Amino acid sequence: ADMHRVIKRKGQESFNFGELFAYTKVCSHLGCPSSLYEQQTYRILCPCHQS
Amino acid sequence: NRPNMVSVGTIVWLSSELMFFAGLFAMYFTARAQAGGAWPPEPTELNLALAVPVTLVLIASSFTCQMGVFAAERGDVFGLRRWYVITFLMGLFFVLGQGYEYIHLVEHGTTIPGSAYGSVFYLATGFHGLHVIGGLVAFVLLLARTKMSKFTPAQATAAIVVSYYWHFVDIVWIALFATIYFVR
Amino acid sequence: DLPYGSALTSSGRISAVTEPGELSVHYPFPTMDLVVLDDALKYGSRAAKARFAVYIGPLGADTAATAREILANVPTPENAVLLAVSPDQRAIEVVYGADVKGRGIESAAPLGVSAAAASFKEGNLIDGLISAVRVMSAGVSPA
Amino acid sequence: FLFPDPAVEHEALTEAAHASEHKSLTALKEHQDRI
Amino acid sequence: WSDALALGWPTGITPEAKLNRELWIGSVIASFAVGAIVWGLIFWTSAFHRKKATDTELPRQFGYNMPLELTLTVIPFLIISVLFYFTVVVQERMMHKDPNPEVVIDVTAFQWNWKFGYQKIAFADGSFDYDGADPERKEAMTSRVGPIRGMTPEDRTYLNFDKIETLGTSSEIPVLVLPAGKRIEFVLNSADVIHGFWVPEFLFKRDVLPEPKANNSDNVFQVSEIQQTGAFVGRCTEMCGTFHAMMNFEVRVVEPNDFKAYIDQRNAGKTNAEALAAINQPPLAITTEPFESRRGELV
Amino acid sequence: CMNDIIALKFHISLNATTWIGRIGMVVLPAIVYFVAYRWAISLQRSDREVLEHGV
Amino acid sequence: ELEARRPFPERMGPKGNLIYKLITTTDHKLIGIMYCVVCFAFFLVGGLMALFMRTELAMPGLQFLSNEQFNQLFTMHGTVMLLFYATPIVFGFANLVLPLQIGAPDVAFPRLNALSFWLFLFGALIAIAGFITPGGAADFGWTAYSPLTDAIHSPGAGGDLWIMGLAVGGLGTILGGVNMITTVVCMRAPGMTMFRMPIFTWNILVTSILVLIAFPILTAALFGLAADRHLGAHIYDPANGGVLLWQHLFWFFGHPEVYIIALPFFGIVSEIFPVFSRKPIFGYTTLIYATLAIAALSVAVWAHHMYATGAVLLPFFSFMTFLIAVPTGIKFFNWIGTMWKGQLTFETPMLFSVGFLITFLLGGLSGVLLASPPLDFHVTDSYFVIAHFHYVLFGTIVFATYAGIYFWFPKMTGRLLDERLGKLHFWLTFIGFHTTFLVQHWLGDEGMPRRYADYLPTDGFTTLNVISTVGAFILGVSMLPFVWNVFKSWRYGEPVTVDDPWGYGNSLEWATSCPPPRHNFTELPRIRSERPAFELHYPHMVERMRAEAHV
Amino acid sequence: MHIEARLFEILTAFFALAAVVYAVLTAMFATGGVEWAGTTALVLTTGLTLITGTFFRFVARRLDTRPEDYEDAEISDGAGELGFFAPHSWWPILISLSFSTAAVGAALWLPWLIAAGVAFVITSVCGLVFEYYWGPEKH
Amino acid sequence: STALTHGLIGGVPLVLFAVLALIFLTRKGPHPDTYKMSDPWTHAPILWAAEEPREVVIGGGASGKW
Ligand code: HEA
Ligand code: HEA
Ligand SMILES: CCCCCCCCCCCCCCCC(=O)OC[C@H](C)OC(=O)CCCCCCCC[C@@H](C)CCCCCCCC
Ligand SMILES: CCCCCCCCCCCCCC(=O)O[C@H](COC(=O)CCCCCCCCCCC)COP(=O)(O)O
Ligand SMILES: CCCCCCCCCCCCC
Ligand SMILES: CCCCCCCCCCCCC
Ligand SMILES: CCCCCCCCCCCCC
Ligand SMILES: CCCCCCCCCCCCC
Ligand SMILES: CCCCCCCCCCCCC
Ligand code: FES
Ligand SMILES: [Ca+2]
Ligand SMILES: [Cu+2]
Ligand SMILES: [Cu+2]
Ligand SMILES: [Cu+2]
Ligand SMILES: [Mg+2]
């Protein structure tokens, strides 16, 4: 039901297999595992500095 | 030739603190009227073999406190210290005896979450026990102050009002003990 | 001889009153001009360690003997610099005590008289007092 | 804490304490006055 | 005019409501008279006792008029004694309960909708009897030692269950259907917190409590009859949480034969809306409509 | 640094704690500077009072 | 006879003049000023809450608030206005003048007095801090009915913060009551007998006795509620009798509460009327008896707040509530008698006291209507009740509070507030109040319940709601001239160099300077009546005062 | 101080009558019988005024007339020392901050914060009670 | 309407404020009128002094006229 809200990044429009998406678990800020995945807000929270 | 100002303030505050226990007595009597015939309900088995001696120790602490007051009014700081140390030890014994009763009541299934009777029993007796602990703190603070300067009339007034508080705590306990352990 | 509603108390103080809605002070000048003059007095006196004073009223016929009489009413008058003005007689007087002599007041007191007189000819009484106090205190040293 | 000492002991002790405190204050005062 | 003096009170649709409205109008007139006197005394002294320009001495310094002081404690006592007498009369008439009501309604309030059950119908002329209690479901709530007289706080046995029930929904206002001219009895119970049963045209409301008997509340009240057909809004009048403003209901008053037809339809498996359409009534509430479930205009 | 622990224990939004820290990082030192300056001068005046009038 | 003066008095103290005093002061005058400032800040906060509610009620539909936020808004608006503005401002006024009125240098317990103020401030901050949590503040109403307040139905931290903040502030209030009672019984000046004290002091003493009854039982009820919410206790369990247990305990507090914030302000207008009438207060002894009777009766009428629960003995409470109307009417007759045949001038304190009389009258008539259970069966929990208690509250704690401020501001500061700006403030307040609250009687009678975030366009409520919101925003702008006046008058106001700027003051505070010295008095006059300052300033009148006293 | 005692005795008379009347009127023809909450509250309000009034009445019959109890007392009758009144203290705000710490701890149910707040309260109350009794430092 | 509702709520308070402030703040307050030099000095004589420095041989003087 949430697939109509997905915005694709340029060059990455076909990187998902249907409704499966894969991102790096390494945070781009300072490298902590950014792995606090909120399924309803669809928000990925990094525990280290709150990105 | 004039009222003791600290005395009147202490008496006025103690009369107010009677209304705080009024609220808890109201809670107890409301729960008792809704008991439906079983009060205290199972499995609560109150035992007077331990409540009575603890009550008597708390009553005798009033006489020891009054003896300390007589020494203070006499100007005798050492007699005041001796009687207030005895009173402190007896009130501490009351607190420990109550805690032992609490421990034996909890093991047999009378707890605050467990039943309405447990809720009222523990709020009533536990807030009274907190008042007792506050009075013991008051004894400790007063006794330390008598070592700080010479024994003046203001120091004796402080002893007297601490005793007013202790007598209030003892009388409230007599009322709570009568309504819980005999007017069941 | 006391005003209406005024009483002499057991300490000697006077306990007075005002009719409701009336004022206690009623100087014929605007409040902010009075504040400016008060600041001029305070910060001129602080900067010179000499008490500056201002008189408005009738100065008599000699007007310098009267001014010397008024200077006795300033606190610590030996260290004070009074500027007395008669709007009616159109007279300007400056009188100071002995503690201030030799500290720059002989140069500055006539400058204060000139500063007051320049503003008085425009009909600005409080402005003249403020200007004169400013010039005279700027010319006195705490010596 | 519970029992008083003999009054003569208390008097001697209090007098000695006051004398010592006064002597200490005087020593500091006279050093200050000298320098 | 009685409407201006009633101050927005509805005219009323039961005899008890009409009696209450008469008490209201009389009391309003008494209070307006006292207020006019006191306001006029305030305005008089403010108008005519102001300080003139030609008075030098202070006014006469009186501070005690004992007969007047005594006379001004007796009169208000008399007025409140009269008001107390009539108050007692009207509350005795309004709280009166007959041993034989002709419709007994179970009112169940919850957070945050209504359920109306038809417990019993006994028309006074013998033309309609119906026994609606469903005691085979009150027993299913028994929860059982227990913290309160052997019971857990999830006991719920005090609630009433009936065969014909109108259940409110966030998308359907519950419509309670009643016959005109008949003694109606309302039995009020709450599933959780305290709600309020207010039909303004009844000129009366009562609080809806969880476990009313243990709280010494009389959760039962009657109207001797409802004197006209129509549709009347009802609202919750005790703060009950988030949707306290959004749990309204409606009372549809119909003629007794139509009420019998409606009850036959409901017994035949019809829902409330289709059973109302079967007696040529609007199927949904007409005094109120459901609230939008969107949380506001910014959503 | 303990904003996440404080958010969990003291019921503050984590986003709010970040913004409180961001704004307070400018505002709190200014307030503290002003208050500490006035408080120090106030203690100086309290000393002066005892010097003119005694204890 | 030339006395040197300054051209204008000092506007403010030097740097460092105030901040250490604020945290170390045992001076009741400074503590009273601190009370007034902080209570007024809380008044502005609570008024902002009401402005939000009123804006949302202007139109049907939810334009910017949710249900939850609206419920928090009325809960906290009522809490802030009742317990963080009115109740502590009683003790603000008492700290300002009560030691002066009895000719004392101080209160009985200066450090306990300071502690009472700091407990007020920090308890209020604890309760308001619910708004910085994600869920928000308490949203179960200021009355906090059970079981809505239990952990099942109000789980958030806002409710618990509300409970504990109320407990802390209530301890502050109780200690303030102890202090005020002890001060009156111990610190009176020689010749200041109990029946020579001003009516304000009598009302403070009786109010303090009421405080000692109401606030401890509310503290006990709150601690029972916290036991239920944190320990799983069954105090307020419905099957246990807890619904009406809560209501009985709360209202046994809650009725005494409304008269704790009525009698002091009655005493304020009792101080103000004789000064601007140039007359004595009419029936001094009867006023004292009326205060005592009201206080006695206010402890026995609580269940008139519970008429629609179907569970209270209606005649007892109905009759007692009707009886309370008699001493209050005695007070209305005593005040009009004080004005009767005077020389009235209507400066700002007098104007605000007359606004008191007019507004409170309608409030009290509405309350008498509410006292009969049949009429309350229709109007309870509706906007009729809201109109009643805003008419009766706003009269005592707004009109009489402003009367006290305008009256005693020169005494506490040595400066007068501007009377033109004060008249602008009064007329904005008076017009705004009646515009916002008179039409709410009609709304409640029609069928609009209290505490609704929303209604429908077909309800028939929109026009009167719009009128009420227009009035509320008049009440919002009425605050600007007052705050401007205090801000300007505090530093640049007209200097007061006399003891009595109002001319005909009666109590001992007008027999001392503006402001009083640190220990309030450089001398005392002979005390032979309840108008000692008047006899000090007009000796020639004393004979007349004894001759003309009886009609 | 006979008027001070009389005030509380009059309140006591009214409160005792109200308590007895309410208990008897709710026991008879009131649903459930005696209404226990209101009866208890009225009885102990009576007790509050009784404690204070009895204390005042006992104090009054001890000491003879004070200058504030005397209808034609002179101001100079009250000459002399009044008593001790603390000139300043920062301990009250510390006590209130401590109690507020313990209260926030109880609101959010953080037992460690409650413990810290109770310790703060005891230390602050000791600071207040000892403020005018600590002797000079000893070296 | 909805524009009429917002016009009343915003507009009535400000119009009323302006009208009441024209009625009350344009009146003359109790402060005395400012003395004009052309008029005689009919006030009592005034002596003002600074309170600093915090606490009778003449040292000289000067004279002037305008
Ligand atoms: C005790 C005193 C008191 C006072 C003074 C007031 C003041 C006002 N109140 Fe009332 N109120 C109560 C006590 C009081 N209140 C109580 C006990 C309740 C019941 C609560 C409950 O239901 O649980 C209640 C509830 C209540 C309701 C019913 C809400 C509902 O049931 O849904 C309404 C409705 O309109 C209302 C409105 C007002 C208004 C418009 C004012 C006007 O005075 C306010 C306008 C004033 C202002 C002061 C505006 C602010 C002005 C500013 C300039 C602010 C700008 C700057 C800052 C804020 C920093 N309040
Ligand atoms: C200042 C605060 C204050 C004051 C003084 C009062 C005073 C009175 N109040 Fe009220 N009241 C509140 C604040 C106040 N109240 C609040 C905040 C609530 C709501 C609580 C809540 O639910 O949130 C409330 C609610 C409330 C209720 C419950 C209503 C309900 O919710 O259903 C009742 C009912 O009995 C009541 C009645 C009275 C009466 C009879 C008086 C009387 O004391 C007034 C007596 C005065 C007069 C009568 C006028 C003067 C008399 C005369 C001039 C003589 C005339 C003679 C006759 C009429 C015989 N009020
Ligand atoms: C300055 C702190 C407060 C500023 C923030 C509020 C400043 C106050 C003015 C604007 C807030 C309300 C106007 C806008 C209303 C609105 O639509 O909601 C906005 C937001 C979406 O909702 C909120 O809930 C806002 C927070 C609520 C305030 C909690 C009270 C905090 C306690 C303080 C009183 C403690 C003392 C102050 C502490 C002072 C500094 C400490 C050193
Ligand atoms: C808690 C200890 C229990 C001891 C049993 C008997 C009770 C009486 C003890 C008397 C103490 C005398 C101390 C004294 O004079 O020293 C004083 C110094 O102690 C203090 O000032 C602080 C005392 C501790 C405060 C208590 C905090 C917590 C209270 C615990 C509540 C249970 C005298 O000092 P000084 O001679 O003036 O240098
Ligand atoms: C329902 C039977 C009545 C029970 C009486 C309870 C009264 C208890 C009072 C105790 C007071 C003891 C000092
Ligand atoms: C639809 C007719 C409305 C009539 C309203 C009556 C006016 C009430 C008087 C107001 C009270 C004045 C103080
Ligand atoms: C004692 C109650 C007085 C209530 C008067 C209400 C008047 C409201 C007028 C509005 C009219 C709307 C149609
Ligand atoms: C000072 C006047 C305040 C009172 C305003 C009354 C408004 C009533 C308008 C009624 C509108 C008819 C629908
Ligand atoms: C018919 C029984 C009712 C008896 C009256 C009870 C009085 C309440 C006692 C209060 C207890 C204080 C300890
Ligand atoms: S490492 Fe992810 S936010 Fe810093
Ligand atoms: Ca809206
Ligand atoms: Cu509801
Ligand atoms: Cu509801
Ligand atoms: Cu009430
Ligand atoms: Mg209700």
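Overview of the structure.

What counts and how
- Residues numbered from 1 in each chain as written, not as in the entry; some residues may be left out.
- Chains lettered and ligands numbered in written order.
- Part of a larger assembly, values for the part shown.
- Heavy atoms only, no water.
- Near = heavy atom within 4 Å.
- Areas by Shrake-Rupley, 256 points an atom, 1.4 Å probe, with all protein chains shown as cover.
- Nonpolar A, V, L, I, M, F, W, Y, C, P; charged D, E, K, R; others polar.
- Contact = heavy atoms within 4.5 Å.
- Buried area = accessible area lost by both parts, 1.4 Å probe.
- Salt bridge = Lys/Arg side-chain N within 4 Å of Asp/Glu carboxyl O.
- Helix = DSSP H or I, 4+ residues; strand = E, 2+ residues; numbered from the N terminus.
- Donors = N, O, S within 2.8 Å, 3.2 Å for Na, K, Ca; no water.
- Tetrahedral: all angles 85-135°; square planar, octahedral: opposite > 155°, others 65-115°.
- Buried < 20%, exposed > 50% of the residue type's maximum accessible area, 1.4 Å probe, protein only.
- 1 Å grid on protein atoms, 1.4 Å probe; cavity = no way out; pocket = protein on both sides within 12 Å on 5 of 7 lines; lining within 4 Å.
- Points joined across faces, edges and corners; volume = space filled by probe spheres on them.
- Pairing = 2+ DSSP bridges.
- Axes fitted to C-alpha atoms, helices over the stretch in contact; angles between N-to-C directions.
- Expected span 1.5 Å × (residues − 1).
- Bend = angle between axes of the 7 residues up to and from the residue.

1. Things to note about the site of ligand 9
No. 1: Around ligand 9, the surrounding shell consists of B:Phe25, B:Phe29, H:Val34 and H:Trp36.
No. 2: In the complex, the protein chains occlude 59% of the 440 Å² of accessible area that ligand 9 would expose alone.
No. 3: Taken together, the residues of the shell around ligand 9 sort by class into four nonpolar, no polar and no charged.

2. Topic: the interface of chain G and chain E
No. 1: Each side of the interface is counted separately: chain G has 108 residues, and chain E has 93 residues.
No. 2: Both sides of the chain G and chain E interface together cover about 8,900 Å² of buried area, and 66% of this is carbon and sulfur.
No. 3: Among the residues chain G hides against chain E, the three largest losses belong to G:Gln343, G:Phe377 and G:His378. Together they make up 7% of the total.
No. 4: Linking chain G to chain E there are two salt bridges.
No. 5: Where the side of chain G that touches chain E is concerned, the elements lending two or more residues are α3 (67–101), α7 (242–260), α9 (284–297), α10 (314–339), α11 (348–371), α12 (373–379), α15 (439–446) and α19 (542–547) of chain G.
No. 6: Considering every element that reaches the side of chain G that touches chain E, the biggest residue donor is α10(G), with 14 residues.
No. 7: Class assignment for the residues of the side of chain G that touches chain E results in 60 nonpolar, 32 polar and 16 charged.

3. Remarks on the coordination of the copper ion (ligand 13)
Residues and elements named next belong to chain E.
No. 1: Surrounding the copper ion (ligand 13) are the protein donor atoms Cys236 (SG), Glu238 (O), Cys240 (SG) and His244 (ND1), at 1.9 to 2.6 Å.
No. 2: One can describe the donor arrangement at the copper ion (ligand 13) as tetrahedral, given that its four donor atoms subtend angles of 88 to 125° at the metal.
No. 3: Sequence spacing among the residues donating to the copper ion (ligand 13) works out to C-x1-E-x1-C-x3-H.
No. 4: In this structure the copper ion (ligand 12) is found 2.6 Å away from the copper ion (ligand 13), and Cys236 serves as a bridging donor for the pair.
No. 5: Taking the relative accessible area as the measure of exposure, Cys240 reaches 0% and is therefore buried.
No. 6: Residue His244 is classed as buried on the basis of its relative accessible area of 2%.

4. Observations concerning empty space enclosed by the protein
Rolled over the atoms, a probe sized like a water molecule indicates the empty space that remains.
Residue and element names in this part refer to chain G.
No. 1: Empty space within the largest cavity amounts to approximately 180 Å³.
No. 2: Along its surface, the largest cavity is lined by 19 residues, and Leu83, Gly169, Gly170, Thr173 and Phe215 are the ones closest to its centre.
No. 3: Elements with a minimum of two residues in the lining of the largest cavity: α3, α4 (110–128), α5 (157–186) and α6 (199–231).
No. 4: Taken together, the residues that form the lining of the largest cavity break down as ten nonpolar, nine polar and no charged.
No. 5: Of the volumes computed, that of the second largest cavity is approximately 110 Å³.
No. 6: Along the wall of the second largest cavity there are 14 residues; nearest its centre are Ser270, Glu271, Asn506, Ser507 and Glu530.
No. 7: Per-element tally for the lining of the second largest cavity: the top contributor is helix α8 (residues 263–277), with four residues.

5. Considerations on the sheet that holds strand β10 (residues 230–234) of chain E
Residues and elements named next belong to chain E.
No. 1: On the basis of which strands lie adjacent, the open sheet formed by three strands has the order β5-β11-β10 and mixed pairing. Lying at the two open borders of the sheet, with one neighbouring strand each, are β5 (175–179) and β10. In this sheet, neighbouring strand axes are inclined to one another by 25° on average, regardless of whether the strands run parallel or antiparallel.
No. 2: As paired strands, β5 and strand β11 (residues 249–254) are joined by five bridges and run parallel to one another. Paired with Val175 across the strands is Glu250, a residue of β11.
No. 3: Strands β5 and β11 of the sheet are contacted by helix α5 (residues 256–267), whose axis makes an angle of about 130° with β5.

6. Re the interface of chain B and chain H
No. 1: Every contact between the two is made by 27 residues of chain B and, on the other side, 26 residues of chain H.
No. 2: Note on chain B versus chain H: buried area summed over both sides is about 2,300 Å², and carbon and sulfur give 78% of it.
No. 3: Linking chain B with chain H are zero salt bridges.
No. 4: When contributions to the side of chain B that touches chain H are tallied by element, the ones reaching two or more residues are α1 (5–33), α4 (116–145) and α5 (153–181) of chain B.
No. 5: Per-element accounting of the side of chain B that touches chain H gives the leading share, 16 residues, to α1(B).

7. Things to note about the arrangement of the chains
No. 1: Across the 14 pairs of chains in contact, the largest number of contacts is found between chains E and G.
No. 2: One thing to see here is that chain E and chain I don't touch, and their nearest C-alpha atoms sit 14 Å from each other.

8. Let's talk about the site of ligand 4
No. 1: Lining the immediate environment of ligand 4, one finds B:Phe88, B:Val137, B:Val140, B:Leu143, B:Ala144, B:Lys147, B:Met148, D:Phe1, H:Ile122, H:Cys126, H:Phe130 and H:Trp134.
No. 2: Residues near ligand 4 are shared among chains B, D and H, making this a multi-chain site.
No. 3: Computed on the free molecule, ligand 4 has an accessible area of 920 Å², of which 58% lies beneath the protein chains in the complex.
No. 4: Listed by contribution, the elements that provide at least two residues to the shell around ligand 4 are α4 of chain B together with α4 (111–130) of chain H.
No. 5: With four residues, the single largest contributor to the shell around ligand 4 is α4(B).
No. 6: Residues that form the shell around ligand 4 fall into these classes: eleven nonpolar, no polar and one charged.

9. Let's talk about α6(G)
Residues and elements named next belong to chain G.
No. 1: Over its 33 residues, α6 extends 47 Å from the first C-alpha to the last, a length consistent with the 48 Å expected when each residue adds 1.5 Å.
No. 2: At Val211, α6 shows its maximal bend, which comes to roughly 25°.
No. 3: The buried count for α6 comes to 30 of 33 residues, which makes it a mostly enclosed element.
No. 4: Of the residues flanking the end of α6, it is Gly232, one or two places downstream, whose phi is positive at about 65°.

10. Quick word on the environment of B:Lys150
Residue and element names in this part refer to chain B.
No. 1: Among the secondary structure elements, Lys150 is positioned in the loop between α4 and α5.
No. 2: Overall, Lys150 belongs to the exposed group, its relative accessible area being 68%.
No. 3: With 73 residues separating them in the primary sequence, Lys150 and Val77 have C-alpha atoms 8.9 Å apart.

11. Brief notes about the sheet that holds strand β3 (residues 51–56) of chain C
No. 1: Taken together, the five strands give an open sheet; going across it, the order is β1(I)-β3(C)-β4(C)-β5(C)-β2(I), and neighbouring strands pair in mixed fashion. The open sheet is flanked by β1 (46–49) and β2 (58–65) of chain I, the only strands paired with a single partner. Taken pair by pair, the neighbouring strands of this sheet meet at an average axis angle of 15°, ignoring direction.
No. 2: Examined bridge by bridge, β3(C) and β1(I) share four bridges and lie antiparallel to one another. The partner of C:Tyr55 across the bridge, within β1(I), is I:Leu47.
No. 3: Where helix α3 (residues 105–120) of chain C meets the sheet, its contacts fall on β4 (80–86) and β5 (91–97) of chain C together with β2 of chain I, and the angle it forms with β5(C) comes to roughly 155°.
No. 4: Each of β3, β4 and β5 of chain C together with β1 of chain I touches helix α4 (residues 125–138) of chain C; the most contacted strand, β3(C), lies at about 155° to it.

12. Let's talk about the coordination of the copper ion (ligand 14)
Residues and elements named next belong to chain G.
No. 1: Coordination sphere of the copper ion (ligand 14), protein contribution only: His255 (ND1), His304 (NE2) and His305 (NE2), at 2.0 to 2.1 Å.
No. 2: Written as a sequence motif, the donor arrangement for the copper ion (ligand 14) is H-x48-H-H.
No. 3: Between the copper ion (ligand 14) and the iron atom of ligand 2, the interatomic distance is 4.3 Å.
No. 4: Under the relative-accessibility criterion, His304 is labelled buried at 15%.

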